[PDB]
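**Student:** Mind looking over this structure? Questions follow.
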């Protein structure tokens, strides 16, 4: 096989082919995670409601196993390889150990895989930052972020994709430790609206609670978007 | 060999004899048969001593590696399952190891018989080795789920003893362990001939 | 220079530039000095000299089998690869022949293991130069290896930074080494190694290793209490 | 025997511009019966029907293969496979596992839709084709069916005549076989039309 | 570029990709170790990108075995892959020889992975500072990308690694208390790191010579070090 | 043609508080004859402090002996000079007998020596690799003749009489001489000489001792 | 052979029954080992072999079906499907180095319409499977010593149209026939039925 | 500029530049000289010693390949040893498989095809050395030179290295029909003394080796008494 | 084609090895003119009971490995002890492939005074001693050789060690079926190994109990 070295150091100690995979994330669609007391909320932006794209619902927040969901940002094609590699890992795990694997484990796998690509001859790196949420069997909620370097961190709230720093710099001002299912969703959309188009039809989001995953309908959602876009007219009046 | 574990409210007893006989002649009268893997896991060796002492020591590596990686102790479910998947891959490599992985984790006390043929069974009560049949006799008599730790060890020690008394391949020293929420403790280490003069004083 | 980038490229003037460049990795490694007399070989290796009260051990000398060992210079990574290789091979041998690998035959096994690296595209030359030192039926042998794959059977030599000082010393005295006793060899080996030190610093147990092999002496590394016998009772006078 | 395990018998029969292929309905393990509604015929296209007999595992495995290969043919070649090819394809597939064989005896009926010439093939388990003008059989009732078919069968027969002797053959043999019976499913192929019949026999 | 191959010497004898991977450590977090006779210390600035990050997740320091810790600097991703190898080796040693791995041997087994680049495209962009306790007592070693495992009495790797070696030459003496080493370790990190020092902003972790065990210091315990200063 | 050939002989070890006595007979017997009377291959030094007695097939004892030396000699390099303890080698033997369990070394080993305290210790194996620490032990032809004798004179299990004081290096040797003398007289495949190795802190001290020639 | 699985399929439910008996040689350990695994909401498999191959095969299926539900965005695969997947896996195994999974399954489920567009079988589906991979759709099947007592007792009584209630009465007679007539003490039976609503654990019968 | 970076590449004129370049490594190396007689064959080679402290028989350029055949490398020594290591593998394959001493004619051609295989593929570089194969098998006494290209050619007399030109003039003065193996040692060694630059390479010795009816058609270094 | 039986015995400053010049394809005595004792390099001889085929491959592979190591690298030739260690591992390696060197080798050799005599088996079982035998030699001759070493405990002279071989060879000839009365003797001394021209031994057949009338069943 072709195992020429792709990911290599430059004079300044940068892995160029990873800096460039992170540039493919920055251009990708923004996605957002929010940990609460009892609930995780992963909220992505879609490319925007074209009249053609199937009325039958396609979900941009991929299920990895019952407990664990992930949103990505970057190259759709690559992400769909990570997800099918994780999905596989979670069931390869259930076979080897009777346990359902916990979030903090699967993240470290997906991260490990994203790393292998930054150090394999033949491969470029995956152009995919990954926001994994989910609940352990014990009851604890977890949110994590895997960036293309392979380096994983766990967050209380987080963004990836376009203007990821603008969202995180906005989030860490207004975030509060203990949050309810409704405050979390409110906050997730609030944070996404900093960067995403004013519209409510692009934002799709998922609310993980213990043993209970539910995507918001575009009816449930537009209540929280009117409630939030009136609060971004209260924060525009002050300044 | 005789080797029995059982589950009660207080936790899990593991009792064993201490003899490794090649049919007729007795090699050793001091075989430590309760393998101490983690500090919350007791493997019991019966059948091919070689295969157990090796695989239950591998299991121990995998249990510790899990503790490092996942920053938290393995379950007994998963511990037994690791052993079960090693014995399954080697089922037609002529392994021989009737093991019992006992332990206490998040989900209460758990006992798992794990065979050579990849078998893996959640037992409330179990006995392995030539003298099992004898242990089960005594053991199914006195065994309730609401024993005190005193009476559970009394029962197990008798059960092993009454296997040592009948089986020729079972004998030596009747070791008992207890598995509690705080780990495992070695209760006793009584010689089986002293035991006869306790249980039948005349 | 368009010919210096790959191992496989000959220059138009017929030089394998990437090997000449691996040879610079040896000359920038810390000085070591070997000398052989009638019965004994001596490797004196300059370690890194403690910065104030702060120490730094780096494995520069290696035992290889009872009857052989190595000083190295340059990329210590690559030296540890050759140490591993030679050890594997001297065992492989002793396993087969219930006797240590002859030194001439070992000289040739590192000559070949170097060359394998300097012709393939994927591989690079070893940055390390060795001072193989050992004793067998044919007396004592000191060998200097080099990245190019060349193997030199030396009467004495140095290898590393300011080693041209050490060889200038050894050139005066190397003829009298067959005569000299084990203690006189070590003095000569250190006096040379000392010629290589920077400006004002001295040799002493904490900044120098000696190692010996010869008749009835298995290859032994002297650090600290062992070496003081030679090193406390030593000074460099013009 | 591993062939006699799952039981079954199949028989094909050539008339004029028609053939009748006819299985039994039994599926067993040795003497004990599982099902009495297991016909052994599969239909590749309009103009080919093949029975498989032997170890049911492999009947079912080797069937799913033949179905995968005759579909991949129908896409790549852009046409229905012809008896000739299909039968020779099956020999190639069986012989691919000369050592470690499929325990299956494919009986193949076929009829060129243009010409109207019938083609039969009774491959043994390692793909030894036997391609007679008249009729072919396989499975547990094979000895008994050769006896029947040999007496009853004449050359240029018409679909209805043929069926009645193919049915009498398959039945009057499965009376004398432990491991076949519970009626029979015949299948009368013509250039024109394909008549599938479920025949009533013994419950034995 | 891709003009020079991976396995390529400069005109002054250093492999390029290594010389470069070493300049990838001088960007990373500052991390340091102090070999006192009472026990060995490791401390590391976490350099959290935001407030929001659960600090306990992105652990600069890692249990390799009971008796060995690693601290890393540079590419954290790559360090996970070294430490993961070192763990497996530490346990293979325990499995095979019923005893703790040495610290020296655990550091050698971590440069058995760091040489093999041509199977892997590039070196690891990471310097490990492995510290533990065995029969030799408390030892501190450093791996590079090169593969050059070097036992130190006290070393700092990372951002202000060169500013911290300035401080060590002044303050470090072989006969330190474990208490003096912790105080030094955190005194240096404060002077060197970019952010203001908090209990959450760094991790400290020591292996004590007496029990030969690793204790990762909780933010309560790190505030106890910032107290006496 | 059988790839296994039992080359006979008997090994014994007794661990006191300071020392270990390690005995292995020098009869190497083939098929119905005897090849040698001065075969020293039974016992093998791995380190100053640690020895490995080995019975059954010679050829495998000799392969294993090297294989073990070249994992000890590797341990020496990787753990900077330091020699492995008895307890390390003991688990290494178990690990290396098992990696070959699908074509076993037909060799019943005993790794014998001093632990870190100085207290003497011996471990026994079966072909596959089953470690059991013991205090007194005996594998081979005269397993059955020696091991009951030792069981009586050390443990004194069935005696009313007060247990004897401790048992010194010279008494434990004198006991083993007496035992082997009573095994050569009564077993056919034991005889010629016995090599004793008395491992203490001070260094090994081997003294070969004569049996019945037959 | 020791441990008897029974199953039968009527108008609007499949009923499945499997020995509790967990045996080590000739020793009853317990009479409370559930051998009917649940592969889906609407699909379960009465597997009866030695514990090792029974678990390692019903886990491998249960995982590779869950893995399909992930990759197919919550779509619940038909019974025909998993049955043919199970058999394709059992068949693959008799021509590998491993050897046959030595397990006799009675795969049972209830295909519900998965969306608006579904035209396929609505209703209950029972399949008999040998260890070799002999898949076969059946009205009622059995595995184990008791099988042939029950198989004939069902021939007699079983009609295709009986209630959920007449299925408890029948499954009791099937279970009680294995108790009367087989030496091997299959003395407690786990009975699970599949309906439109899902799997329900029948505690009434044992 | 790209026409010369690899051996996988002809230039427009139709020559492999990387092979001509390796050929320049031979013509900057220590001069070797050999002479085929009726009696046998002689190889002399000047070894230019870098340091004064080298042993006698350090950087031995002449190597026994089999009993009857030895190579004398001229060029990059380390490369040459890879040739010798091969030539050996071939010479012993001849004894193992075909039960005979390798013919000199074959051994040269076997070594040519080896040195050639490294002039074809991009991955490899051509060999830096010429080899001088000197055999005395059943095909009589034979002298052969495999150069970096893989171009074998049989010689009576041959000169390689930086003095090649002047050392070849002195080989033409000899009568090859007449001379014995005992004269030849003296004349080849006399040649290497005469051509060698005294100001450039102060430290040098003249390693000589032969194979002839004298040495029992066995390839050996001549004793140090015959050399001057 | 099998070899008969080898005997060897150390004397003062050397070793004698002796072997019938006969290969035997089963019962049949096929070739009575085979030199069974081979020289391994300049110091050592070897000889094998069993498959002359598997000995011809092992004695070839070893005699190569010696004259290679010597000719290639400028080293001392291997000592007998080494050559024999190489033979021993080469044989053990072949029993560990289930492709055994199905032949008991005896091996003699002398470097200086250093006098080396060893046997090896099919399976790698190796043993030095002051007298070796393989084949029937082990059951017959060894008893006599060991008796001649017990009686001269200081060591045998070359004349005594030759007479005691000749005695054993005479007895091997009488009692081993697949033997002939034509032996060679290797003699390792300081100078190296010399193999004797084939010789027969004097045989006594005219006992008064071996006459016709006594041995008659009737």
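Chains as they are written, first to last, in my numbering: chain A, 1 to 239; chain B, 240 to 441; chain C, 442 to 679; chain D, 680 to 883; chain E, 884 to 1112; chain F, 1113 to 1326; chain G, 1327 to 1532; chain H, 1533 to 1760; chain I, 1761 to 1978.
All C-beta atoms, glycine included, are put in the ideal place defined by N, C-alpha and C.
How far does the beta strand (DSSP E) with residue 708 of chain D in it extend, from its first residue to its last?
**Tutor:** Locating residue 708 of chain D in the fourth chain gives position 29, where the first residue counts as 1. Unbroken beta strand (DSSP E) run through residue 708 of chain D: 706-708.
**Student:** So, residue 59 of chain A versus residue 1399 of chain G, is the Cβ gap smaller than 9 Å?
**Tutor:** The count along the first chain starts at 1 and reaches residue 59 of chain A at position 59. The count along the seventh chain starts at 1 and reaches residue 1399 of chain G at position 73. Yes, these two residues count as a Cβ contact at 9 Å.
**Student:** Thinking residue 994 of chain E and residue 1032 of chain E are a contact (beta carbons under 8 Å), I'd like their distance in whole angstroms, please.
**Tutor:** For this step, residue 994 of chain E is matched to residue 111 along the fifth chain. For this step, residue 1032 of chain E is matched to residue 149 along the fifth chain. Yes, they are in contact, since the Cβ atoms of residue 994 of chain E and residue 1032 of chain E sit about 5 Å apart, within 8 Å.
**Student:** Please give me, in chain order, every unbroken run of the alpha helix (DSSP H) with length at least 4 that falls completely inside the stretch 87-134 of chain A.
**Tutor:** If we require 4 residues or more, the alpha helix (DSSP H) runs fully inside the stretch 87-134 of chain A come out as 103-116.
**Student:** Unbroken alpha helix (DSSP H) runs of length 4 or more, entirely within the stretch 1248-1303 of chain F: which are they?
**Tutor:** 1255-1267, 1281-1296
**Student:** Who are residue 159 of chain A's beta bridge partners in DSSP?
**Tutor:** The sequence position of residue 159 of chain A within the first chain is 159, counting from 1. Residue 159 of chain A is bridged to A:32.
**Student:** Give the residues from the stretch 285-300 of chain B that approach chain F closer than 8 Å (Cβ to any Cβ), ordered along the chain.
**Tutor:** 287, 288, 289, 290, 292, 293
**Student:** Assign residue 1267 of chain F to one of two classes, buried (16 or more other C-beta atoms within 10 Å of its C-beta) or exposed (fewer than that).
**Tutor:** Walking along the sixth chain from the start, residue 1267 of chain F turns up at place 155. It counts as exposed.
**Student:** Quick check on this structure: which residue in F:1293, F:1295, F:1260, F:1314 has the alpha carbon closest to the alpha carbon of residue 1281 of chain F?
**Tutor:** Counting from 1 along the sixth chain, the entry for residue 1281 of chain F is found at position 169. When only C-alpha atoms are compared, the closest one is F:1314.
**Student:** Can you name the start and end residues of the beta strand (DSSP E) that residue 344 of chain B belongs to?
**Tutor:** In the second chain, the residue the question calls residue 344 of chain B occupies position 105. Note, residue 344 of chain B: beta strand (DSSP E), 338-344.
**Student:** Classify residue 1938 of chain I: buried if its beta carbon has 16 or more other beta carbons within 10 angstroms, exposed otherwise.
**Tutor:** Working through the ninth chain from its first residue, we reach residue 1938 of chain I at position 178. With 16 or more Cβ atoms within 10 Å of its Cβ, residue 1938 of chain I is classed as buried.
**Student:** Starting from the beta carbon of residue 1624 of chain H, find every residue of chain I whose beta carbon is closer than 9 Å, and list them in chain order.
**Tutor:** Position 92 of the eighth chain, counted from the start, is the residue given in the question as residue 1624 of chain H. Under the 9 Å cutoff, chain I gives 1824, 1828.
**Student:** Name the one or two DSSP bridge partners that residue 998 of chain E has.
**Tutor:** Along the fifth chain, read from residue 1 onward, the residue named residue 998 of chain E stands at position 115. Partner(s): none; residue 998 of chain E has no beta bridge.
**Student:** Verify the CB distance criterion: does residue 555 of chain C have a CB-CB separation below 9 Å to chain H?
**Tutor:** If you number the third chain from 1, residue 555 of chain C lands on position 114. At least one chain H Cβ lies under 9 Å of residue 555 of chain C.
**Student:** Report the neighbours of residue 1178 of chain F on chain C: residues whose CB is nearer than 7 Å to its CB, in chain order.
**Tutor:** What you label residue 1178 of chain F is simply residue 66 of the sixth chain in a count that begins at 1. Neighbours of residue 1178 of chain F on chain C, chain order: 536.
**Student:** Once you ignore the five residues that flank residue 1673 of chain H on each side, which residues in its own chain have a CB closer than 6 Å to its CB?
**Tutor:** Mapped onto the eighth chain, residue 1673 of chain H falls at position 141. Correct list, in chain order: 1568, 1572, 1573.
**Student:** Does the beta-carbon distance from residue 913 of chain E to residue 1042 of chain E come in below 9 Å?
**Tutor:** Residue mapping note: residue 913 of chain E aligns to position 30 of the fifth chain, counting from 1. Residue mapping note: residue 1042 of chain E aligns to position 159 of the fifth chain, counting from 1. In contact: residue 913 of chain E and residue 1042 of chain E (Cβ atoms closer than 9 Å).
**Student:** Does the separation of the CB atoms of residue 1496 of chain G and residue 1334 of chain G fall below 9 Å?
**Tutor:** Counting from one through the seventh chain, the residue named residue 1496 of chain G turns up at place 170. Counting from one through the seventh chain, the residue named residue 1334 of chain G turns up at place 8. Cβ distance < 9 Å, so residue 1496 of chain G and residue 1334 of chain G count as in contact.
**Student:** Can you tell which of C:602, C:606, C:613, C:589 has the C-alpha that lies nearest to the C-alpha of residue 596 of chain C?
**Tutor:** As a working mapping, residue 596 of chain C is identified with position 155 in the third chain. The shortest Cα separation from residue 596 of chain C among C:602, C:606, C:613, C:589 belongs to C:613.
**Student:** Rank C:484, C:473, C:664, C:598 by C-alpha distance to the C-alpha of residue 646 of chain C and give the top, closest one.
**Tutor:** The count along the third chain starts at 1 and reaches residue 646 of chain C at position 205. Checking every option, the nearest Cα to that of residue 646 of chain C belongs to C:664.
**Student:** Run through DSSP, which three-state label would residue 212 of chain A get?
**Tutor:** If you number the first chain from 1, residue 212 of chain A lands on position 212. Strand at residue 212 of chain A.
**Student:** Under a three-way DSSP split, which group does residue 646 of chain C fall into?
**Tutor:** As a first step, residue 646 of chain C is located in the third chain; it is residue number 205 there, counting from the start. DSSP places residue 646 of chain C in coil when its eight states are reduced to three.
**Student:** Just the chain E side, please: which residues come within less than 8 Å of residue 1204 of chain F by C-beta, in chain order?
**Tutor:** Numbered from its first residue, the sixth chain carries residue 1204 of chain F at position 92. Result: 979, 980.
**Student:** Please list, in chain order, all residues of the same chain as residue 1758 of chain H whose beta carbon is under 6 Å from its beta carbon, the five residues on each side excluded.
**Tutor:** Taking the eighth chain and counting its residues from 1, the one referred to as residue 1758 of chain H is at position 226. Answer for residue 1758 of chain H: 1717, listed in chain order.
**Student:** Does the Cβ of residue 1215 of chain F have 16 or more other Cβ atoms within 10 Å, making it buried, or fewer, making it exposed?
**Tutor:** Counting from one through the sixth chain, the residue named residue 1215 of chain F turns up at place 103. Exposed is the call here.
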